[PDB]
Amino acid sequence: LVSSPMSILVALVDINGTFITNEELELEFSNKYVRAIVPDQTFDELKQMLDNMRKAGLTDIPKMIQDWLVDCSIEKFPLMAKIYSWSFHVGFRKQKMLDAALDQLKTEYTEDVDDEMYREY
Amino acid sequence: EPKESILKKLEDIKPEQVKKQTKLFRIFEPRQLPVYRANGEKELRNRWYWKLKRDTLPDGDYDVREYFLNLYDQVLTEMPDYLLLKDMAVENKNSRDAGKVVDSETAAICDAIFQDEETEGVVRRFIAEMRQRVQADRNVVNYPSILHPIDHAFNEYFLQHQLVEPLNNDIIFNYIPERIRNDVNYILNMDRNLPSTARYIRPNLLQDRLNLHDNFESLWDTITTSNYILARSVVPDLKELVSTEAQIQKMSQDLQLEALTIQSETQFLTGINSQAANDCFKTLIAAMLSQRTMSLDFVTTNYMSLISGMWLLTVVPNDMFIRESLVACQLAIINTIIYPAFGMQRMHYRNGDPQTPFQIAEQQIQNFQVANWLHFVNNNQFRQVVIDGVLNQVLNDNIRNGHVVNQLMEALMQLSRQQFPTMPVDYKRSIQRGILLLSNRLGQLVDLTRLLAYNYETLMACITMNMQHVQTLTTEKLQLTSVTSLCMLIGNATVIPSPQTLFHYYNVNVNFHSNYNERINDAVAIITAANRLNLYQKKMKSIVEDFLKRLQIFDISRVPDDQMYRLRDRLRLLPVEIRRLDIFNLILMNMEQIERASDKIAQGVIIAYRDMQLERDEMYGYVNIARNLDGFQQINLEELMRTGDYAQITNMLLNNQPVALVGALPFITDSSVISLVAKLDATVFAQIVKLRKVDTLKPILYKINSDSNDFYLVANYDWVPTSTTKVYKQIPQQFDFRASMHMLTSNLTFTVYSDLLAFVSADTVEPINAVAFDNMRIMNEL
C-alpha cells in the first residue's frame, strides 16, 4: 500500500538535466530539459492509491504525498523517496507456502488467445 | 545561480499574453440631469448629458498629468490583440427585428432612453431600428453601439488595429527557419489543412535596439550566460563513444606503459572519460552558439593536453578564448612540441606582448607545414554574416568539412620526423607517442570536426537574436583533458539535433526575443509619455526596474541605479511602437476634454472686482462659470506651488488687481442666493496671503435656480444675479442619442493559434546517412 504511489510519482517530475549511462558505471551528463506528460487516468490511479492508503488507516503518509503533489518538484522528492524506503522496513510477509504458491500459480488459461502473436513470439 | 534555475527561467517564458476585449472601453456615460429655464426655473423635462464614468481626477495640474499617464497605462492594458464583436453582442429588447447591439452597456443606455417618458418619439424610432448586420460572405458583422466620441475613437482604433493575421499551412511551414527546411536531413510533414478563417499573432523579432552587447557588460554577461545554458540544454549527447576502458588499454599499449601505472598516469591518460568528452562537445557548441568566451584549463606536464589543444585551436576560432589562457596554451605548445622538435631555443615570451606565441613562432619557424598550420591558427576567425535577417558567426569552410584536420596532421607529421637535437631521446619518444595517439584517430578527428560544425550551424539556424562577438565579463572553463577525451573517445555515431529539439530551441529563442521587444516597447512608451506629459518630479528608475524584472533573467539586486539610468537614456532615443504611439496621441488630443468633463475640479478661478452677471446654462440655471480666461492676467498655480514665491499673488490680492488663478482646483458648489448676495466667493482668497498656500484654495461655484431655498429673490425682483468671482470651468455636453450611434465592424468569427510548430511533425533521416553542407556524410569512418 505504501510503495504503490511511487510507480506514478516518478512520472510527475520534470527532468532539468540528467545522467546517461555509458559503460556499466560511467555517466555522461545532459542539460536536456524534459517536461512530464501525465494523463488524467494516471492522476485518477494516484487518487485511488491514496484512497487505499487512507482506507488502511494512513493519514500522515498520504497527506505528505498530497503536499508534495502541489509542486511535484525534485527538491522535495526526497520525502517521497523516504516514504518509499520506509515502506519496506515493516518486515517480511512469511505466509504459508500453500497460500503463496497458490497466489503464484493462479492462472486463467484460455484458448481465445491471438494465435498469430503466439506463433510470432 | 544554479544553471538549472536559469534554464527553468528561460523555458518558462510564454509567447505573449493575448488580450481579448470583453466590453467597450468607456470614459463617459449618459446621465439624466434636471434642466432650468433662462430665468432659472426648473423644467418638467430632464436632459441627458455626457459625464465621466469614474470622475476621480485630482487637484493640481501636475497631478492631472499623472492621472493621464495612469489612464494611458490603463488604455494600453485594455488594448486588445484581436476582437470579435459577437462576443460583446447582447439583445436589444426594443429592436423591431429583435437585433443585437454592443456592448451590454449600450443596451442599458438603450433601455433607459426608450423606457423614459421624456424621450422624443424619433429617438424611440431610432432605437427600434438599431440592429446588427451580418455579411457571412466577407466574414464581417456590424453592431450598433452608443459611444462618446472619445470612446468611439478609442474603440475604433482597437477594432481597426488588431494584431491577428491570416494563418494557413504555407505560413506554418515558412515559420520554420529557412536553414532547417533547406536541410536534407529532416523530413517535415503536416496532417491538417488550416481553415481560411484561422489566425495567428506574429512575434516581434526586432533586433536588439538597446545594443546591450555594447557597454552593458554585466547585463550582456547575464544574457550570454542564459544563452549558453540554453545551448547546452539543446546540444545533442554523444553516443557510442569508444569504451573508456578499451581505449585506455589501447593507449597504454601505444605508450608502452609500465604495468599498473594506468591509474597513476598523468602525462597522457589522466582525465579521459566519456563524461569529459560529452562536456567538451556541449561546452564548445554552446559557447560558440552563445558567443561566450572560453577559458582553457590544462597542466603543462600533460602532452596529450597540448596536442588536443593544437587540434582545438585548429578548429575553434581563437577569439572564442580569453587572451591569457590562449596565450598560455600556445606558449606551452610552442615550448614543449614545436621549438624543441626543431632545436630552437625556448621562446622567452613576454606577458602582455602584442603578439601571441604562435604569431612569433610562425615568423621564426622554417618548416612549411608547421608554419602554415601556425598561420591558419593565427588567422582562423569567425565570419559575420547576416542570414535570414539574423547576424551569425560562421566557421571557415575548411573547418566545416574537416579539411583543416589534415593541415594540422601534416604539421604533426613533420613534428614526428624531427630530431630534437637538444633533447634526450626519451623526450622525442614522448612527443612521438602523443602525436601517435592523436594521429591513430585522424579519420575520427575529421568526423568530429565535421560533426561539431554541423551541429553548430544547425543550432545556429534556430537563433533569432544577433550573434554579437564580444568578450564576456566571465568565461566558461574548458579543460583540455575534456578535449583529449572527446578526441580519443568519439566514435562513428552521428548525433544531430532532433527536429523537435530544434523547434523547442527556436521557440524558446523566439519567446525570449519577443519578451525582450515587448518590454522594450512598454518601457519606451511609458518614458516617452512621461516626458511628453512634463512629469518633471518623476524618477524613471521604477520603469527600468520593471523592465529588467520582466526580462526575467537579471537579478535587479545586482543592477546599480546608474546602469538603470543608462538603460533609460538608451530607451529614450527609441521610437514608440505604432499602436502605443497612436493611443498616446489620442490621449494627448482628448485629455483637455476629459479633464474639463470632471465635476470634481475646476480649471481655474477668475478674481475680478466688478459685477459680472452669472451665466445662463440650462443644467445649472445661473452659474458664475467662465468659459475662457480672456481679458485676465493668468497666474499658474502649479508654478506658484513649485517655486513657492507668493510675492506676485500676494501683491495682486492686496491691491485688488483682477487676475485668473489657473490650475486644477476643487470648488464648493453653493446654491444659496443669500450666500451670493453676501459675496462669499470673494472671501476665499485671503488665506493665500495669510498662509502662502494655494493647495487649500477652493473657489465657490454658485448654482442659482428654483431648487435654491431663496430663489424667490430672483423671481420677485426681475434680478439677474452677479458675482465678482468666476470659476473657469466647462459645461457638460448634451448626449444626443442619434449622434452617438456608431456601427462597429469586426470579423464575424475566427480562431487564433499560438504554437504553429505544434502542427508540424518532423523526423530525421538515419544518422548514418546524414549529410553536411558539402553533400557528403557528416561521419564516414569505418
# chains A, B, ... in the order shown; residues from 1 in each chain; ligands from 1
>>> select_by_dssp(residues="range 563-729 of chain B", states="helix (DSSP H, G or I)", output="PyMOL selection string")
chain B and resi 563-572+578-596+637-643+647-654+673-677+680-683+686-691+712-716
>>> interface_residues(of="chain B", to="chain A", cutoff="7 Å", atoms="only C-alpha atoms", output="PyMOL selection string")
chain B and resi 4+232-234+237+243+274-275+278
>>> write_last_selection(atoms="N, CA, C and O atoms", output="short mmCIF file (atom, residue, chain, number, x, y, z; two decimals), in the first residue's frame")
data_model
loop_
_atom_site.label_atom_id
_atom_site.label_comp_id
_atom_site.auth_asym_id
_atom_site.auth_seq_id
_atom_site.Cartn_x
_atom_site.Cartn_y
_atom_site.Cartn_z
N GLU B 4 20.47 25.08 -13.63
CA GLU B 4 19.13 24.53 -13.78
C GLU B 4 18.06 25.59 -13.55
O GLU B 4 17.05 25.63 -14.26
N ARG B 232 23.51 24.58 -24.13
CA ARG B 232 23.89 23.32 -23.50
C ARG B 232 22.69 22.39 -23.39
O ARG B 232 22.80 21.18 -23.61
N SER B 233 21.53 22.95 -23.03
CA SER B 233 20.34 22.12 -22.88
C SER B 233 19.93 21.48 -24.20
O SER B 233 19.39 20.37 -24.19
N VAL B 234 20.18 22.14 -25.33
CA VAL B 234 19.70 21.63 -26.61
C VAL B 234 20.77 20.88 -27.40
O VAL B 234 20.44 20.22 -28.39
N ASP B 237 23.55 14.74 -27.13
CA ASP B 237 24.52 13.99 -26.35
C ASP B 237 25.22 12.96 -27.22
O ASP B 237 24.59 12.27 -28.02
N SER B 243 34.62 2.68 -25.72
CA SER B 243 34.66 2.30 -24.32
C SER B 243 35.90 2.89 -23.66
O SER B 243 37.01 2.75 -24.17
N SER B 274 34.13 9.38 -20.70
CA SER B 274 33.02 9.77 -21.57
C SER B 274 32.36 11.05 -21.09
O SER B 274 31.90 11.87 -21.90
N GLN B 275 32.28 11.24 -19.77
CA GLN B 275 31.68 12.45 -19.23
C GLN B 275 32.43 13.69 -19.71
O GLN B 275 31.81 14.68 -20.12
N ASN B 278 31.69 14.32 -23.49
CA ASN B 278 30.37 14.92 -23.69
C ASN B 278 30.36 16.37 -23.22
O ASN B 278 29.78 17.24 -23.88
#
>>> select_by_dssp(residues="range 87-161 of chain B", states="strand (DSSP E)", output="compact mmCIF listing (two decimals) with C-alpha atoms, in the first residue's frame")
# COMPACT_ATOMS: atom_id res chain seq x y z
CA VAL B 90 -26.47 41.50 -26.37
CA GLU B 91 -30.16 41.56 -27.18
CA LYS B 100 -28.24 42.82 -31.16
CA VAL B 101 -26.01 45.67 -30.01
CA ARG B 133 -25.91 43.23 -39.97
CA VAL B 134 -24.01 40.03 -40.79
CA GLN B 135 -22.09 39.64 -44.07
CA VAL B 140 -17.96 40.60 -41.32
CA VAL B 141 -20.50 41.83 -38.80
CA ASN B 142 -21.65 45.33 -37.84
CA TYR B 143 -23.25 46.11 -34.48
CA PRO B 144 -24.85 49.36 -33.28
CA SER B 145 -23.12 50.96 -30.30
CA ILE B 146 -23.71 54.08 -28.21
>>> atom_distance(atom1="CA of residue 128 in chain B", atom2="CA of residue 112 in chain B")
13.4 Å
>>> atom_distance(atom1="CA of residue 102 in chain B", atom2="CA of residue 89 in chain B")
4.7 Å
>>> decode(residues="range 82-132 of chain B", atoms="N, CA and C atoms", output="PDB file, in the first residue's frame")
ATOM      1  N   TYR B  82      -6.948  41.092 -30.540  1.00  0.00           N
ATOM      2  CA  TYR B  82      -7.970  40.893 -31.555  1.00  0.00           C
ATOM      3  C   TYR B  82      -9.329  41.107 -30.910  1.00  0.00           C
ATOM      4  N   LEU B  83     -10.366  41.108 -31.742  1.00  0.00           N
ATOM      5  CA  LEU B  83     -11.691  41.494 -31.282  1.00  0.00           C
ATOM      6  C   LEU B  83     -12.753  40.853 -32.159  1.00  0.00           C
ATOM      7  N   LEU B  84     -13.671  40.125 -31.531  1.00  0.00           N
ATOM      8  CA  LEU B  84     -14.870  39.616 -32.184  1.00  0.00           C
ATOM      9  C   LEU B  84     -16.071  40.211 -31.467  1.00  0.00           C
ATOM     10  N   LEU B  85     -16.854  41.018 -32.184  1.00  0.00           N
ATOM     11  CA  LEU B  85     -17.944  41.752 -31.554  1.00  0.00           C
ATOM     12  C   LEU B  85     -19.152  40.878 -31.253  1.00  0.00           C
ATOM     13  N   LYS B  86     -19.237  39.683 -31.843  1.00  0.00           N
ATOM     14  CA  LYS B  86     -20.322  38.775 -31.489  1.00  0.00           C
ATOM     15  C   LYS B  86     -20.255  38.383 -30.021  1.00  0.00           C
ATOM     16  N   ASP B  87     -19.058  38.403 -29.433  1.00  0.00           N
ATOM     17  CA  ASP B  87     -18.920  38.086 -28.017  1.00  0.00           C
ATOM     18  C   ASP B  87     -19.507  39.189 -27.146  1.00  0.00           C
ATOM     19  N   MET B  88     -19.378  40.444 -27.576  1.00  0.00           N
ATOM     20  CA  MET B  88     -19.947  41.571 -26.849  1.00  0.00           C
ATOM     21  C   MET B  88     -21.432  41.759 -27.115  1.00  0.00           C
ATOM     22  N   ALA B  89     -21.986  41.079 -28.113  1.00  0.00           N
ATOM     23  CA  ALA B  89     -23.348  41.355 -28.541  1.00  0.00           C
ATOM     24  C   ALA B  89     -24.352  40.938 -27.475  1.00  0.00           C
ATOM     25  N   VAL B  90     -25.360  41.784 -27.271  1.00  0.00           N
ATOM     26  CA  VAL B  90     -26.466  41.499 -26.371  1.00  0.00           C
ATOM     27  C   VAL B  90     -27.759  41.862 -27.084  1.00  0.00           C
ATOM     28  N   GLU B  91     -28.857  41.310 -26.584  1.00  0.00           N
ATOM     29  CA  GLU B  91     -30.158  41.564 -27.181  1.00  0.00           C
ATOM     30  C   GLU B  91     -30.613  42.990 -26.897  1.00  0.00           C
ATOM     31  N   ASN B  92     -31.081  43.669 -27.942  1.00  0.00           N
ATOM     32  CA  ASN B  92     -31.756  44.954 -27.805  1.00  0.00           C
ATOM     33  C   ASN B  92     -33.250  44.674 -27.682  1.00  0.00           C
ATOM     34  N   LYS B  93     -33.788  44.832 -26.470  1.00  0.00           N
ATOM     35  CA  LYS B  93     -35.159  44.418 -26.198  1.00  0.00           C
ATOM     36  C   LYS B  93     -36.189  45.248 -26.952  1.00  0.00           C
ATOM     37  N   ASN B  94     -35.839  46.459 -27.375  1.00  0.00           N
ATOM     38  CA  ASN B  94     -36.756  47.333 -28.090  1.00  0.00           C
ATOM     39  C   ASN B  94     -36.512  47.336 -29.592  1.00  0.00           C
ATOM     40  N   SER B  95     -35.713  46.403 -30.099  1.00  0.00           N
ATOM     41  CA  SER B  95     -35.450  46.339 -31.528  1.00  0.00           C
ATOM     42  C   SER B  95     -36.644  45.738 -32.257  1.00  0.00           C
ATOM     43  N   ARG B  96     -37.002  46.336 -33.395  1.00  0.00           N
ATOM     44  CA  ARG B  96     -38.102  45.808 -34.194  1.00  0.00           C
ATOM     45  C   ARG B  96     -37.796  44.392 -34.664  1.00  0.00           C
ATOM     46  N   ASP B  97     -36.563  44.150 -35.097  1.00  0.00           N
ATOM     47  CA  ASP B  97     -36.138  42.849 -35.591  1.00  0.00           C
ATOM     48  C   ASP B  97     -35.556  41.965 -34.497  1.00  0.00           C
ATOM     49  N   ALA B  98     -35.618  42.396 -33.238  1.00  0.00           N
ATOM     50  CA  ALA B  98     -35.006  41.665 -32.131  1.00  0.00           C
ATOM     51  C   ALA B  98     -33.508  41.489 -32.361  1.00  0.00           C
ATOM     52  N   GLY B  99     -32.858  42.555 -32.818  1.00  0.00           N
ATOM     53  CA  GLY B  99     -31.450  42.519 -33.142  1.00  0.00           C
ATOM     54  C   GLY B  99     -30.567  42.683 -31.920  1.00  0.00           C
ATOM     55  N   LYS B 100     -29.266  42.762 -32.187  1.00  0.00           N
ATOM     56  CA  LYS B 100     -28.243  42.815 -31.157  1.00  0.00           C
ATOM     57  C   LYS B 100     -27.490  44.136 -31.232  1.00  0.00           C
ATOM     58  N   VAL B 101     -26.865  44.497 -30.112  1.00  0.00           N
ATOM     59  CA  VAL B 101     -26.011  45.674 -30.014  1.00  0.00           C
ATOM     60  C   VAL B 101     -24.796  45.305 -29.173  1.00  0.00           C
ATOM     61  N   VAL B 102     -23.774  46.156 -29.232  1.00  0.00           N
ATOM     62  CA  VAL B 102     -22.579  46.015 -28.409  1.00  0.00           C
ATOM     63  C   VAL B 102     -22.314  47.351 -27.725  1.00  0.00           C
ATOM     64  N   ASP B 103     -21.858  47.339 -26.466  1.00  0.00           N
ATOM     65  CA  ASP B 103     -21.782  46.191 -25.552  1.00  0.00           C
ATOM     66  C   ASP B 103     -23.049  46.172 -24.692  1.00  0.00           C
ATOM     67  N   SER B 104     -23.038  45.395 -23.606  1.00  0.00           N
ATOM     68  CA  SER B 104     -24.178  45.384 -22.692  1.00  0.00           C
ATOM     69  C   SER B 104     -24.490  46.777 -22.160  1.00  0.00           C
ATOM     70  N   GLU B 105     -23.471  47.624 -22.018  1.00  0.00           N
ATOM     71  CA  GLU B 105     -23.692  48.979 -21.525  1.00  0.00           C
ATOM     72  C   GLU B 105     -24.482  49.801 -22.539  1.00  0.00           C
ATOM     73  N   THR B 106     -24.247  49.565 -23.832  1.00  0.00           N
ATOM     74  CA  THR B 106     -25.070  50.194 -24.860  1.00  0.00           C
ATOM     75  C   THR B 106     -26.526  49.771 -24.725  1.00  0.00           C
ATOM     76  N   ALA B 107     -26.769  48.486 -24.470  1.00  0.00           N
ATOM     77  CA  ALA B 107     -28.137  48.020 -24.281  1.00  0.00           C
ATOM     78  C   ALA B 107     -28.769  48.665 -23.058  1.00  0.00           C
ATOM     79  N   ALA B 108     -27.989  48.845 -21.992  1.00  0.00           N
ATOM     80  CA  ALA B 108     -28.505  49.524 -20.809  1.00  0.00           C
ATOM     81  C   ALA B 108     -28.923  50.952 -21.140  1.00  0.00           C
ATOM     82  N   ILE B 109     -28.080  51.674 -21.883  1.00  0.00           N
ATOM     83  CA  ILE B 109     -28.442  53.031 -22.291  1.00  0.00           C
ATOM     84  C   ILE B 109     -29.698  53.011 -23.151  1.00  0.00           C
ATOM     85  N   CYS B 110     -29.777  52.065 -24.087  1.00  0.00           N
ATOM     86  CA  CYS B 110     -30.930  51.992 -24.976  1.00  0.00           C
ATOM     87  C   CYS B 110     -32.210  51.765 -24.186  1.00  0.00           C
ATOM     88  N   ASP B 111     -32.175  50.835 -23.230  1.00  0.00           N
ATOM     89  CA  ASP B 111     -33.354  50.566 -22.415  1.00  0.00           C
ATOM     90  C   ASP B 111     -33.737  51.784 -21.587  1.00  0.00           C
ATOM     91  N   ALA B 112     -32.750  52.435 -20.967  1.00  0.00           N
ATOM     92  CA  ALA B 112     -33.046  53.604 -20.146  1.00  0.00           C
ATOM     93  C   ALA B 112     -33.679  54.711 -20.976  1.00  0.00           C
ATOM     94  N   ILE B 113     -33.158  54.947 -22.179  1.00  0.00           N
ATOM     95  CA  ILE B 113     -33.689  56.017 -23.016  1.00  0.00           C
ATOM     96  C   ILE B 113     -35.077  55.657 -23.527  1.00  0.00           C
ATOM     97  N   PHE B 114     -35.262  54.419 -23.990  1.00  0.00           N
ATOM     98  CA  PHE B 114     -36.548  54.028 -24.555  1.00  0.00           C
ATOM     99  C   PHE B 114     -37.648  54.052 -23.503  1.00  0.00           C
ATOM    100  N   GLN B 115     -37.364  53.539 -22.305  1.00  0.00           N
ATOM    101  CA  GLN B 115     -38.389  53.482 -21.270  1.00  0.00           C
ATOM    102  C   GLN B 115     -38.720  54.855 -20.705  1.00  0.00           C
ATOM    103  N   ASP B 116     -37.823  55.826 -20.848  1.00  0.00           N
ATOM    104  CA  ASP B 116     -38.062  57.151 -20.295  1.00  0.00           C
ATOM    105  C   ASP B 116     -39.238  57.817 -20.996  1.00  0.00           C
ATOM    106  N   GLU B 117     -40.134  58.405 -20.203  1.00  0.00           N
ATOM    107  CA  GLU B 117     -41.301  59.081 -20.758  1.00  0.00           C
ATOM    108  C   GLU B 117     -40.943  60.384 -21.462  1.00  0.00           C
ATOM    109  N   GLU B 118     -39.824  61.012 -21.103  1.00  0.00           N
ATOM    110  CA  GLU B 118     -39.416  62.283 -21.686  1.00  0.00           C
ATOM    111  C   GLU B 118     -38.649  62.115 -22.991  1.00  0.00           C
ATOM    112  N   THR B 119     -38.689  60.932 -23.595  1.00  0.00           N
ATOM    113  CA  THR B 119     -37.927  60.658 -24.803  1.00  0.00           C
ATOM    114  C   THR B 119     -38.754  61.021 -26.029  1.00  0.00           C
ATOM    115  N   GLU B 120     -38.146  61.769 -26.945  1.00  0.00           N
ATOM    116  CA  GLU B 120     -38.809  62.083 -28.202  1.00  0.00           C
ATOM    117  C   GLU B 120     -39.072  60.802 -28.981  1.00  0.00           C
ATOM    118  N   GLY B 121     -40.215  60.759 -29.666  1.00  0.00           N
ATOM    119  CA  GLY B 121     -40.583  59.557 -30.392  1.00  0.00           C
ATOM    120  C   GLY B 121     -39.610  59.204 -31.497  1.00  0.00           C
ATOM    121  N   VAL B 122     -38.901  60.198 -32.029  1.00  0.00           N
ATOM    122  CA  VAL B 122     -37.903  59.919 -33.055  1.00  0.00           C
ATOM    123  C   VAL B 122     -36.763  59.090 -32.474  1.00  0.00           C
ATOM    124  N   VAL B 123     -36.385  59.361 -31.224  1.00  0.00           N
ATOM    125  CA  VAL B 123     -35.332  58.580 -30.585  1.00  0.00           C
ATOM    126  C   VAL B 123     -35.783  57.139 -30.387  1.00  0.00           C
ATOM    127  N   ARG B 124     -37.046  56.938 -30.008  1.00  0.00           N
ATOM    128  CA  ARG B 124     -37.562  55.581 -29.869  1.00  0.00           C
ATOM    129  C   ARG B 124     -37.609  54.866 -31.213  1.00  0.00           C
ATOM    130  N   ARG B 125     -38.004  55.573 -32.273  1.00  0.00           N
ATOM    131  CA  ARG B 125     -37.935  55.001 -33.613  1.00  0.00           C
ATOM    132  C   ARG B 125     -36.515  54.554 -33.935  1.00  0.00           C
ATOM    133  N   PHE B 126     -35.544  55.426 -33.666  1.00  0.00           N
ATOM    134  CA  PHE B 126     -34.152  55.111 -33.954  1.00  0.00           C
ATOM    135  C   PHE B 126     -33.693  53.888 -33.169  1.00  0.00           C
ATOM    136  N   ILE B 127     -34.057  53.811 -31.888  1.00  0.00           N
ATOM    137  CA  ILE B 127     -33.689  52.653 -31.079  1.00  0.00           C
ATOM    138  C   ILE B 127     -34.332  51.393 -31.639  1.00  0.00           C
ATOM    139  N   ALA B 128     -35.567  51.507 -32.128  1.00  0.00           N
ATOM    140  CA  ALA B 128     -36.233  50.356 -32.725  1.00  0.00           C
ATOM    141  C   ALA B 128     -35.528  49.899 -33.993  1.00  0.00           C
ATOM    142  N   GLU B 129     -34.908  50.823 -34.728  1.00  0.00           N
ATOM    143  CA  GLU B 129     -34.206  50.453 -35.952  1.00  0.00           C
ATOM    144  C   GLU B 129     -32.790  49.940 -35.709  1.00  0.00           C
ATOM    145  N   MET B 130     -32.313  49.928 -34.467  1.00  0.00           N
ATOM    146  CA  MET B 130     -30.945  49.507 -34.188  1.00  0.00           C
ATOM    147  C   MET B 130     -30.842  47.987 -34.213  1.00  0.00           C
ATOM    148  N   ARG B 131     -30.047  47.459 -35.140  1.00  0.00           N
ATOM    149  CA  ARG B 131     -29.833  46.022 -35.242  1.00  0.00           C
ATOM    150  C   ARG B 131     -28.500  45.774 -35.932  1.00  0.00           C
ATOM    151  N   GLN B 132     -27.998  44.553 -35.778  1.00  0.00           N
ATOM    152  CA  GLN B 132     -26.729  44.157 -36.368  1.00  0.00           C
ATOM    153  C   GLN B 132     -26.939  43.606 -37.773  1.00  0.00           C
TER     154      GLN B 132
END
